[PDB]
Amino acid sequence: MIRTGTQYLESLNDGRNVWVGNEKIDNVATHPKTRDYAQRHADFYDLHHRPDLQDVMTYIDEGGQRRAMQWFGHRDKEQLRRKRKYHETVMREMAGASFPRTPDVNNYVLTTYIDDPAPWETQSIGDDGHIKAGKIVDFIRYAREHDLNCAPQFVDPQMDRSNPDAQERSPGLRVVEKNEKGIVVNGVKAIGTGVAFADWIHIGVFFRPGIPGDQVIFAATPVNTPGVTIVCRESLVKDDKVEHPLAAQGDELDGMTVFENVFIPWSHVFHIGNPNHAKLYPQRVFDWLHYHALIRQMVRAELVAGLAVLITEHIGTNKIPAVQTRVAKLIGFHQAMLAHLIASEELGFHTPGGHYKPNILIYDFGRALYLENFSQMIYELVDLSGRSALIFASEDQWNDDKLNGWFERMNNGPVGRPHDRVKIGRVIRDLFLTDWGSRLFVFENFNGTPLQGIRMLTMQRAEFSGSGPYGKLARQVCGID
């Protein structure tokens, strides 16, 4: 059947070597600093067993077996919308897209290998013909069958951006041995989200100038592999769910993976050795994460606009003309992200393997627009709230004999329900005035590369030209051709 939450939490007790800040984690599923976000993954798995959600969360495969939608391939626009409906439902069900790396997101990128596996094999260098397209498809089919969480770690160490000669010194993961059975790898995958909570690490790399072949590695290994150490930032999870209804639900840890002479059988190596292959194929893997981030950006905008409507209605600024036009900014932002999501689905194309991909240019520029504006939109939500965004009663101040009477009168705006301003306050404060929400803004700003990086890669990949179909209108107006 489809994996359950209990099966997930049980499988975390597997020997994995995990730091979270200054601490060592006995069992990710039960430790104070990690159990809350482990239960969030459990909840994710449990949503696929909820009968009111079976139509949206699951599908019948051609074999007759019911599967999680996170394994659903899409070959047309209607199939894309069904996938987007699944991703959207998962992030709405889970604290308003507050947990952006649920397994559905992690595993989405695997579909690029399924679509066209051969080039990974044929462009390899130094595998002595042991890498097999069939084994790539086999690993992914294995992930599907067991509902395994493959956490992607691709990005380089942030060592020294001064040098193009930097990558000779790199502590980045390299191949130190190749034999009949597989490769041995040594060094760091410098950054990943949620790896302490995953089953398998999806290893990969982006091209950088001068990248040696022994650091071009796409492969998979279990989180509990001997030689693997997960090294995570301190947990930001909060002990009081009444004061912090979002931040008490757990912290989606980020951190690095140390590999000490780790063995990886050829059956789980997708490609090694070719810098050129690392140019466009890695971008094709992360495309699916870029499209997904549009779904998130839309739910996030919708939340921020919503919270603006609620708080201005409750303090009674909502009918002040100058505030109406500020709330219109946050609402316009949401409609903009909605427009880009729907436009990307309309203007899509079929890949080599005949999968339907949404419009690259629309979702990538949609992400750039989100990152350009997001912090201004949070400034606006906080600014519209005035003091109610931070200076509200603790629940015990509120319910105290002496203080209750004063609290209730100070929060007596036009839509009654005085305690409700404390509820809106709590969510605004968790989402954007705590360590826990600040991490989410950093994740959002960096996970798919930041604003200048999005723009640079999109232009390098598009190869826009004066003589290209881009310029036809300009050329005609100037009388060139």
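The first residue of the shown sequence is 1; numbering continues from there.
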Query raised in the report: Out of 85-93 and 227-235, which one has CA B-factors that are higher on average in the deposited record?
Result: 85-93
**Report entry** Stretch with the greater mean C-alpha B-factor as recorded in the entry, comparing 239-247 against 217-225
**Finding:** 239-247
Report summary line: Max C-alpha B-factor within the set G129, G204, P265, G187 falls on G129
Query raised in the report: Which of these has the highest Cα B-factor in the record: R300, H350, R326, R367?
Result: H350
Report task. Compare the C-alpha B factor of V442 with those of the other modelled residues in its chain, then answer lowest, middle or highest third. Result -> lowest
Query raised in the report: Going by what the PDB entry lists, where does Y291 fall on CA B-factor within its chain: lowest, middle or highest third?
Result: lowest
Requested in this report: Report the third (lowest, middle or highest) to which the CA temperature factor of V415 belongs, ranking only the modelled residues of the same chain.
Outcome: highest
Query - Chain thirds of CA B-factor: placement of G64 - result: highest
Query raised in the report: Ranked by Cα temperature factor within the chain, is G15 in the lowest third, the middle third or the highest third?
Result: lowest
